[PDB]
């Protein structure tokens, strides 16, 4: 059991002959004096001495009477002669603010991943992710208090299900002391934050997501060594976990087990279906500037998870175009299943920001994504990072008076949901929040109060996009196969009209056409592959979303009139600042 140190280290229930208690265990090879202090001892550092197994590094001590509920720490004399209380790095629950003491609770039971949840993570599945910071999705109105994990189970889970998302992605829920880190500056990697309730309340939340048919992705932070509360720095007086500004010693073995075990812990004991690693560049940079320990650590972890928990996937954000992030390790790869497409996010948002009269000069911003699509397995992300620190909301990036901003936004979502790659959308984006994300307050749900409005219109579109994207294989089945995408009109720069097909394994095609200027286009003829009757299944200008309701108004038959090198063509209305998707009707 090298892979799962959490099953041994930390506090666990045990039976000594016939008297029950808790076996404590801490890894510290140097130390020279560790005792167990808690609420079973009156915190007396005399009363209970541990005893090092110098082979392993682990101080171990059974304590009769010690049981679930009670707070504890370890009393440490350093390798360097100093007296410190250390919190258990393997604390599965931590005391509430302020404080620090670890909590005896043991391990939750193992969750078996179902075939349906394994299926939902696969390359050929529709994957649409709702990214959520639990501390700021909603608040109780009269007191501004956080929703608990249990209230989130009753509110967030049905909401994301209704909106048609397949996955919920949580910003890090490991215990962390400052709300402003958003979770990325942790102190307790094995403890769910007490902000929202108990570890069992959190498990209840995950079970509720699962019962509603949602997979759960957790932001996992093996790249951020703790920096607060003296959590993990200089643990036994030496550099135990860190390197000789603070970074993990991934090269060390017990540290790597600690981190790999932590991944196994979330997946196996909480039923987490995927893990996302942020800031991968910071791990593998700063062999020249390459940290080889980190790269090996990432390849390792991905390899082990693939062996130990098939069905679970990892995804990475990496910002330096390191090759093969989502490619096999036995080539140049890092072994991740998916990679965030940051380039696509920058390119398409730059394009949407432009006055539409200038989009003619920047057609490359929309077409470029296809050229490198087949080099990584991409998620198209509109994430929390893009709506803070003066970057504005996505809505406010759009040009024009308010009605034109909303039209632009609708068209862009229509494009994003049709373009190759999986989808991720941060909370608030789906109803076109005006203000930036504030981690210290609720999202602006008030925008949706009162009579039906443009914000409701966007929210209905995102739901229709999700449900349409999931229903039709062509929209999601071959994201990563060139057969899954073909341009129909790639070079109408003058008019900023772009048309492509998405294609399923059976060869059925859905035509996607976007018109990125305020000029409506009538009798727009373009070559198609499958002649017959074609009908809109999505139109971002629909009155249902507070659009102008322009479009093709029923079935349109193709013509045997050659266009764009193709023998048959369609001649359509393309609504202004809008995208439409069309399906072929059987006859």
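Numbering follows the first chain given and starts at 1.
K.L.:
If you count the residues of the deposited sequence that sit between residue 244 and residue 245 but have no coordinates, do you get none, 1 to 3, 4 to 9, or 10 or more?
P.N.:
Missing residues, residue 244 to residue 245: 10 or more.
K.L.:
Per the entry, how many residues of the deposited chain go unmodelled between residue 97 and residue 98: none, 1 to 3, 4 to 9, or 10 or more?
P.N.:
The entry has no gap there; residue 97 and residue 98 are joined directly.
K.L.:
Pick between 387-395 and 318-326: the one whose mean CA B-factor in the entry is higher.
P.N.:
On average, C-alpha B-factors are higher across 318-326.
K.L.:
Check the entry's C-alpha temperature factors for 495-503 and 216-224, then say which stretch has the higher mean.
P.N.:
If you average the C-alpha B-factors of 495-503 and of 216-224, the larger mean comes out for 216-224.
K.L.:
Which listed residue, 401, 481, 452, 254, has the largest C-alpha temperature factor in the record?
P.N.:
Out of 401, 481, 452, 254, the record gives the largest C-alpha B-factor to 254.
K.L.:
Have a look at 528, 550, 66, 556 and flag the one whose Cα has the highest B-factor in the entry.
P.N.:
Highest C-alpha B-factor among the listed options: 66.
K.L.:
What third of the chain, by the recorded C-alpha B-factor, contains residue 113?
P.N.:
Ranked within chain, residue 113 CA B lands in the highest tercile.
K.L.:
Taking only the Cα B-factors deposited for this chain, tell me whether residue 18 sits in the lowest, middle or highest third.
P.N.:
For residue 18, whose C-alpha B-factor we compare with every modelled residue in the chain, the answer is the highest third.
K.L.:
Grab the CA temperature factor for residue 158 from the record and place it in the lowest, middle or highest third of its chain.
P.N.:
According to the entry, residue 158 has a C-alpha B-factor in the chain's lowest third.
K.L.:
Classify residue 569 as lowest, middle or highest third according to the C-alpha B-factor given in the PDB entry, relative to its own chain.
P.N.:
Within its chain, residue 569 is a middle-third residue by C-alpha B-factor, going by the deposited values.
K.L.:
Pull the Cα B-factor of residue 25 out of the PDB entry and bin it into the chain's lowest, middle or highest third.
P.N.:
Ranked within chain, residue 25 CA B lands in the highest tercile.
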